[PDB]
Amino acid sequence: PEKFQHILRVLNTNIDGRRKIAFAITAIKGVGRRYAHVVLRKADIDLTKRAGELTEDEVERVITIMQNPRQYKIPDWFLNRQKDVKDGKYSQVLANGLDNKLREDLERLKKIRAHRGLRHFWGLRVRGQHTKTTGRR
Amino acid sequence: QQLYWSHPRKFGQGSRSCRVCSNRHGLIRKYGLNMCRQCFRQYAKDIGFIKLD
Amino acid sequence: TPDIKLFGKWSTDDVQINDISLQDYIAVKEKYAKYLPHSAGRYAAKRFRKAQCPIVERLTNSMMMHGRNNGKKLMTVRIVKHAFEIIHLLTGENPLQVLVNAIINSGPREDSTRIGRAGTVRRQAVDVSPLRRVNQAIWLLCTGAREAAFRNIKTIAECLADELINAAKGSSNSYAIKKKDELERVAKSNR
Amino acid sequence: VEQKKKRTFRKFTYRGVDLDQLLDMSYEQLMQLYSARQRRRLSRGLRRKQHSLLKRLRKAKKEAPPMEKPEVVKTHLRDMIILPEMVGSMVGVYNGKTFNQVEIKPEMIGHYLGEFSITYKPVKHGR
Amino acid sequence: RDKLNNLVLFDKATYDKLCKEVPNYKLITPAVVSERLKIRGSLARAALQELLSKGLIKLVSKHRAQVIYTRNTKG
Amino acid sequence: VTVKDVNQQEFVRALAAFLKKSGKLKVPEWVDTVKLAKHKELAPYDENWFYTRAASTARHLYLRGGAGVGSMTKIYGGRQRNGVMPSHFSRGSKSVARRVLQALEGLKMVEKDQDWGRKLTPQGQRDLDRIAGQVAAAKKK
RNA sequence: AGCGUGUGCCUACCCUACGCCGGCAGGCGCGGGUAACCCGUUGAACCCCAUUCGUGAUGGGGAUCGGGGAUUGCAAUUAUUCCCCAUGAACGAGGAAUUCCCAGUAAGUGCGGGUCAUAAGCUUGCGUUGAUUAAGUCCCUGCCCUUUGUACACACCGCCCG
C-alpha cells in the first residue's frame, strides 16, 4: 500500500528499493544472503516486504546492527573476519571495506614473498589445484 | 641399532601387500583376505570363491 | 464411487468420440472409467496394447517430459486433475470430453514421408494411421502446453487447459493446431 | 633493538597482542591465541623436535655482529609454524633442490615455513 | 524479449483498478493479475488472499502450487 | 482422536500454537540467529518456529518407543547441495533438537527413557491426546 | 526401503545408538555387538504437502578468491577433507558431429560396497519414483550367408604409371 522510495543508499552502495530487503541489501559488498537475512531479523522488520518500503529509522537500525553484529546476538561464527591477527578480532568487514582488506591480505603475503603471494601476483592459483588443463582462456 | 632405516608404516598403501606376492597395488582387503587382484584371480578356486553368475 | 465410477469426479458415460475411425484408440471407458490417471500399466510388451490405455493417462504420461521431469507421474496426475478443473470452469462440459475433442481435432489426417527421390529427394503424400493420429496429437498438445508454460508465469495446468480448450474447438490459437495444419499442408503438396 | 626508538619502528601487533608482549611469553601462550592450524601442528608436533633448529636460531642470532643480518640457519622442515620466538631470524627454506633464504617478519606469524619458499616454476605457454 | 517490470507497491488508483476490474475475469491467478495490471507477483499474491476477503473471487483449488480462482458468483 | 487420529499438519499446527499461548517453554536466546541445519539455505522464515519444532517432536516421540537427537538431526536433515558434487543427506542440527528435548522435559511432556532415548510421559501423553481432541472437534472441512 | 557392512584382525585397530557442550563443523562421557542378537521396524532421498518467491543469471547457478573454525596423520605447505562467512563467474538450451537404448526399460532419485589413516565428482551394485517410443527391417553401419569378379594371399591398410 502507500508508496515511496525507489533507490536508497547505504554505506556507499546504491541499493535498489523495488527489491526485497534481505535480497536488496545483498548488493553491499560483504552482505551475502545468510547475512542480510540474519541482520534484518535482528533489526525488527516485517519480513513480509520491499527495500523501497520501510523507514529511514529501520535503515539506520539495519546498518547499526550490520557493523556491530556481535553486539546483537549474532555469533562470531557467522562472521567474515574472525581471528583477525592484526588485532585478534573478530570482525565482519562491510561495503567498500571488503575490497580494501582483500587488497591488504594479498599484499601481506606478497611482501612476505610466500608462494601464494607470488601466485596471486602472476595471476595463477593458490589452492592446490592442477594448472595443466584448466583455467586457460 | 641404526636408528636410521625407518619411517612410519602403520597405514596407507605402504603399510600392506599381497600375502601371496608383495605387490602394494590393486589389493583385495575385504573379508581379511589381503590378496592382490591378479593373484586372487589365480587362487579364488582354492580359497573357495566360485563362479555362479 | 458406488453409483457410477466417476473420474477424480467426472463421468465417463456420455462422452462420445466425435470422429469415426479415431473411435477406439481413444480409450474412455466403453466401460473403463476409473478414478485416477495412474496405473501399474503394462502397455509396452505388445504393439497395440497402448490403445487400451485410458487416453487421460496417456495424456498424463506425455506430460512428464524433459529429462528433469521424467518419472514425475504424481506431478502429472496433479497437473492433469487441475487442468480438467480449469477446463470445466471455462466451459462446463466434461473436460474429458474437451480433452477427447482436442485429440480428435489434432491428429494429422494426411502427412508426408521422406521418399528417397533420387537426388533432390522429394516427399510423398501419404495418409496417416489412427494410432499415429492419436499418438501425434497427444504429443502436439503436451509439447504445446509445455513450450508455452516455460518462460511465462502461467502454470502447466493452465497452459494445458488453454491448449486443450482452443483445440477442442479448433481455435488455431493453439500451437498444436497450427502444427497439425502445417504437417498436413505439407502432405498435400508433394502429391 | 634496545632503547628509545633505536632500531624499533616496524611495530606489528599480532591478535590484539603486541610484539613487545609477543616476544615475551611462552610459545605456549602464543599458540593459545589464534592461528588454530599452526597451534595444533606444534602440539601434535610436540614431544616437539625442531629443538636443535631453535637452538641453531638463537646461536646465530648471537654470533651476528650488532647491526643487521648475519649468516642464516638451514632446514627442510617446511611444515614448521612461525612463532614469535623465531622472528628476526634468517631461514634457509628448502623446496626440493634449493634452499631459499628468508628473514621472518613479524607479519608472517602463524604461517608455515613452506609458504615462503615456492616449489614450482611459474611455467610457460609462448616464450 | 519478454522483459517484465512490475509495480511492487499499491498506488491507490491501482487499488481501485483491482476491485473494479477483477470481477471482470473468469480466470484469475497470479499471472493474470500480473499481466493485466503490472503487479509484482509478490503483490499479486497478497491481492489474491485479500480478494478472497469475503470474495470478489472464489476458490476452486489453491493447490499449494496454485490457487485457480473464478469470477465472483453472479447470474 | 488418539493423536494418531488427527492429520499431522493440523495437529502440529494446533499444538504448536497452544504451546505459544502457554508462554512457558524456554529458548536458547538464539533462535533468532540459527539455521537449524547446515544443509539449510536460510533460517526459518517463521522466527516463531521454535514452537512448531517442539510440537513436531512431541508428536514424533509419542508415536514411538523412544527417540534421540541424532535421529532428529537426520529427520530435519534434508539434502545438501554439494555444488559440483552430487547431493547427500545431512542430519540437521543437534543443539536445537537437544534444547527442544531438554525444554520439553521441563513441562514433563517427555522424560528420559530406559536404555537411552527420550520417551513421552503419561503427562505428555495426556496433554497431546487432549489437544488432539480439540483439533478434531474444531470442524469438519 | 533395499543390496550390503562391522571389532576382539599377519601385527595396528571397529561399527556406533544414547547424556552433555558448541551456530556449525565438531567436541566429550557412556554402553552393546563375532551380528537374523547390535548400529537399524536401516523411520533414506525423490516424492507428497501448507507457505514464500514471481519469471529478474533472480532466490536459477555455485565457479573463483579472501578470512576464519575443526577432523586425519609425526608431518597437509601444493588447498586430503569438512564447516562458517564473505567474494557471487560463465551458463538464459548447445554448430559440425555423435553414444545408447524396448520394460521395472530410458530418465530422475538416494543408499551401501571397493579404493581408504584421511580423502569421491569415480567405479561397482542396490532399492525408490518411472515414462515417451519401434515391434520391425536391412537403408546407412558392422558381421556372417550365397552367387559372382579379382594381376589380391604380410590378403584393399592389398597389387600402380610417367
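C:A45 falls short of the stated requirement of being more than 7 Å from RNA strand G (Cβ to nearest atom) and either farther than 30 Å from C:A187 by Cα or assigned to a helix (DSSP H, G or I) (or both). Taking chain E and the helices (runs of 4 or more DSSP H) fully enclosed by it, the elements with 3 or more residues that are charged (D, E, K, R), farther than 20 Å from A:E53 by Cα and under 13 Å from the mean Cα position of the chain (by Cα) are at E:13-21. The set of residues from the stretch F:48-77 being part of a loop (DSSP other than H, G, I, E, B) and more than 6 Å from RNA strand G (Cβ to nearest atom) comprises F:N48, F:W49, F:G65, F:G66, F:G77. Taking every residue in the stretch C:72-95 that is within 12 Å of chain E (Cβ to nearest Cβ) and pairing it with any residue that is small (G, A, S) and part of a helix (DSSP H, G or I), at least 6 positions away or on another chain, the pairs with Cβ-Cβ distances below 7 Å are C:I79/C:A157; C:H82/C:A157; C:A83/C:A157; C:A83/C:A161; C:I86/C:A157; C:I86/C:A161; C:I87/C:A161; C:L90/C:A161. A Cβ distance below 7 Å, combined with a sequence gap of six or more or placement on separate chains, defines the contacts here; from the stretch A:86-109, residues that are without any contact (Cβ under 8 Å) to a residue 60 or more places away in the chain and at the interface with chain D (Cβ under 10 Å from one of its Cβ atoms) reach residues that are among the aliphatic types (A, V, I, L, M) and outside any helix (DSSP H, G or I) in the pairs A:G88/D:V17; A:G88/D:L33; A:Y90/A:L79.
Among the residues of the stretch A:2-53, the one identified as among the aromatic types (F, W, Y) and more than 11 Å from RNA strand G (Cβ to nearest atom) is A:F4. Selection of the stretch F:93-112 for residues being within 8 Å of RNA strand G (Cβ to nearest atom) and either part of a loop (DSSP other than H, G, I, E, B) or more than 29 Å from F:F18 (Cα to Cα) (or both) yields F:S93, F:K94. The residue list A:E2, A:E60 contains one member that is free of Cβ contacts under 8 Å to residues at least 60 places away in the same chain, away from chain D (no Cβ under 14 Å), on the phi > 0 side of the Ramachandran plot and outside any strand (DSSP E or B), which is A:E2. Taking the criterion of being surrounded by 16 or more Cβ atoms within 10 Å (Cβ to Cβ) and either at positive phi or aliphatic (A, V, I, L, M) (or both), the residues of the stretch F:31-65 that qualify are F:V31, F:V34, F:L36, F:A37, F:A43, F:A54, F:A55, F:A58, F:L61.
Go through the residues of the stretch D:32-47 one by one and say whether even a single one is more than 16 Å from RNA strand G (Cβ to nearest atom) and either among the acidic types (D, E) or more than 14 Å from chain A (Cβ to nearest Cβ) (or both). No, the stretch D:32-47 has no match at all. Of all the numbered requirements in (1) in contact with a helix residue (DSSP H, G or I) (Cβ under 8 Å, 6 or more places away or on another chain); (2) within 14 Å of another protein chain (Cβ to nearest Cβ); (3) not aliphatic (A, V, I, L, M), F:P44 misses one, and that requirement is (1).
Scanning the stretch E:25-70 for residues that are touching a residue at least 24 places away in the same chain (Cβ under 8 Å) and more than 9 Å from every other protein chain (Cβ to nearest Cβ) gives E:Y25, E:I28, E:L37, E:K38, E:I39, E:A47, E:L51, E:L56, E:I57, E:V67, E:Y69. The number of residues in the stretch F:92-126 being touching a residue at least 40 places away in the same chain (Cβ under 8 Å) and in contact with a helix residue (DSSP H, G or I) (Cβ under 8 Å, 6 or more places away or on another chain) comes to 16. The residues in the stretch A:37-51 that are within 22 Å of E:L43 (Cα to Cα) and either more than 14 Å from chain E (Cβ to nearest Cβ) or surrounded by fewer than 22 Cβ atoms within 10 Å (Cβ to Cβ) (or both) can be counted, and the count is 10.
Every number in this text was worked out from the coordinates using simple rules, so none of it is lab data. Note: ideal-geometry Cβ built from the backbone for every residue, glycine included; neighbour counts use all protein chains shown.
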